[PDB]
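Okay, structure first, notes after.
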Amino acid sequence: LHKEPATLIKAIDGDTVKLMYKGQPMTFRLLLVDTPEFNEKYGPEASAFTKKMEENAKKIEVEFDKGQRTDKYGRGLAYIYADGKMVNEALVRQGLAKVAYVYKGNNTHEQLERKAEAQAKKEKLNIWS
Ligand SMILES: Cc1cn([C@H]2C[C@H](OP(=O)(O)O)[C@@H](COP(=O)(O)O)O2)c(=O)[nH]c1=O
Ligand SMILES: [Ca+2]
């Protein structure tokens, strides 16, 4: 896999973000995670966490996996990086997302995510408290 440039257009919530990619506005859905909706427990905390990560980043990058690059709603499916740090993984490590939606052929960072989740669970963070 490789990283490609993008720029933030707007934060949305824990696991979606509006980015400009190849010069076109797109909503991205983060691979391999599920954050609570804003109206649910830890929804607001997940959204704040990603908003800060994405807004403070000097450089946003997107990394597509091997499989489908857009979902049935037209959202881009990617791993998103904020100054080199993967948002998908950080969410999970902080107990603000669950590893989820792991489909065959778009699961390159699965074990990375699961290791983070195991550590969040051990620390009883947030969702796991
Ligand atoms: C993360 C992800 C979600 N999706 C689809 C499956 C779910 O369909 P349904 O909408 O029919 O439940 C939906 C969940 O996204 P949200 O968690 O953003 O709601 O997005 C994919 O198709 N591929 C993916 O990699
Ligand atoms: Ca969600």
Side-chain angles (χ1 to χ4, degrees):
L1 311 190
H2 70 287
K3 283 166 201 65
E4 294 176 64
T7 54
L8 179 68
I9 297 171
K10 200 174 176 179
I12 305 180
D13 75 344
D15 62 20
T16 59
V17 57
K18 194 174 171 175
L19 303 178
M20 193 186 291
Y21 170 69
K22 290 180 153 155
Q24 302 306 334
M26 295 179 59
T27 299
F28 282 80
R29 177 60 167 83
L30 273 53
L31 284 173
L32 308 190
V33 305
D34 196 28
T35 51
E37 307 296 326
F38 181 85
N39 82 301
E40 291 161 352
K41 200 176 194 176
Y42 302 108
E45 285 76 18
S47 299
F49 178 89
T50 66
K51 176 180 156 90
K52 174 170 179 184
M53 201 163 169
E54 294 166 341
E55 279 180 1
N56 297 1
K58 298 316 184 208
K59 165 169 93 160
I60 299 287
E61 296 169 280
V62 309
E63 180 181 63
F64 295 106
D65 207 317
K66 288 326 211 325
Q68 296 265 277
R69 289 187 175 200
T70 62
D71 68 13
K72 70 196 184 183
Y73 300 116
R75 303 184 292 182
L77 298 167
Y79 308 107
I80 305 300
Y81 290 83
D83 284 333
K85 176 178 190 42
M86 197 203 310
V87 181
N88 315 52
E89 185 196 8
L91 273 163
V92 176
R93 180 58 187 82
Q94 300 302 319
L96 284 174
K98 287 181 204 206
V99 180
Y101 293 102
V102 179
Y103 303 94
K104 186 184 166 182
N106 257 355
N107 67 345
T108 296
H109 298 311
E110 183 184 6
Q111 291 308 126
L112 188 76
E113 297 286 330
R114 293 207 185 266
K115 176 61 172 280
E117 190 179 89
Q119 198 61 37
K121 289 203 195 161
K122 291 170 177 214
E123 303 172 5
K124 298 292 178 189
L125 295 179
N126 287 318
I127 287 172
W128 309 111
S129 72

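The first residue in the sequence is number 1, and the count goes up from there. Read the numbers this way: they start at 1 and go in the same order the structure lists the ligands and their atoms.
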Salt-bridge test for [X] and [Y]: reply yes if a basic N is under 4.0 Å from a carboxylate O, no otherwise.
X      : Y      : answer
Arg29  : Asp13  : no
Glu110 : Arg114 : yes
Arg93  : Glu123 : yes

Output, or 'none' if empty, a list of ligand 1-protein atom pairs in which both atoms are N or O and the distance is under 3.5 Å, rounded to 0.1 Å.
unit_1   : atom_1 : unit_2 : atom_2 : d
ligand 1 : 8 (O)  : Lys72  : NZ     : 3.4
ligand 1 : 10 (O) : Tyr73  : OH     : 2.7
ligand 1 : 11 (O) : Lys72  : NZ     : 2.7
ligand 1 : 15 (O) : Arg75  : NH2    : 3.1
ligand 1 : 17 (O) : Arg29  : NH2    : 2.9
ligand 1 : 17 (O) : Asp34  : OD1    : 3.3
ligand 1 : 18 (O) : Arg29  : NE     : 2.8
ligand 1 : 18 (O) : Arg75  : NH1    : 2.7
ligand 1 : 18 (O) : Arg75  : NH2    : 3.4
ligand 1 : 20 (O) : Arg75  : NH2    : 3.0

Angle subtended at the Ca ion (ligand 2) by OD2 of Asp15 and OD1 of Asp34, to 10 degrees?
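Result: 80°, to 10°.
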Walk me through whether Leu8 and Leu19 qualify under side-chain contact (heavy atoms from CB on, under 4.5 Å).
CA-CA 5 Å; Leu8 179 68; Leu19 303 178; 3.9 Å; yes
Heavy atoms, side chains only, cut-off 4.5 Å: are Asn106 and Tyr101 in contact?
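Of all side-chain heavy-atom pairs linking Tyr101 with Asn106, none is under 4.5 Å.
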Looking at the Ca ion (ligand 2), which N/O/S atom of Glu37 is the nearest one?
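Per the distance ranking, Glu37 contributes OE2 as its closest N/O/S atom to the Ca ion (ligand 2).
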Specify whether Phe28 and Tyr21 have parallel, tilted or perpendicular ring planes, treating 30° as the upper limit for parallel and 60° as the lower limit for perpendicular.
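The rings of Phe28 and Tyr21 stand perpendicular, inter-plane angle above 60°.
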For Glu89 and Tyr81: C-alpha separation, side-chain torsions, deciding distance, then whether side-chain contact (heavy atoms from CB on, under 4.5 Å) applies.
CA-CA 9 Å; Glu89 185 196 8; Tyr81 290 83; over 6 Å; no
Does the shortest distance from the Ca ion (ligand 2) to an N/O/S atom of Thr35 fall below 3.0 Å?
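It does; at least one qualifying atom falls short of 3.0 Å.
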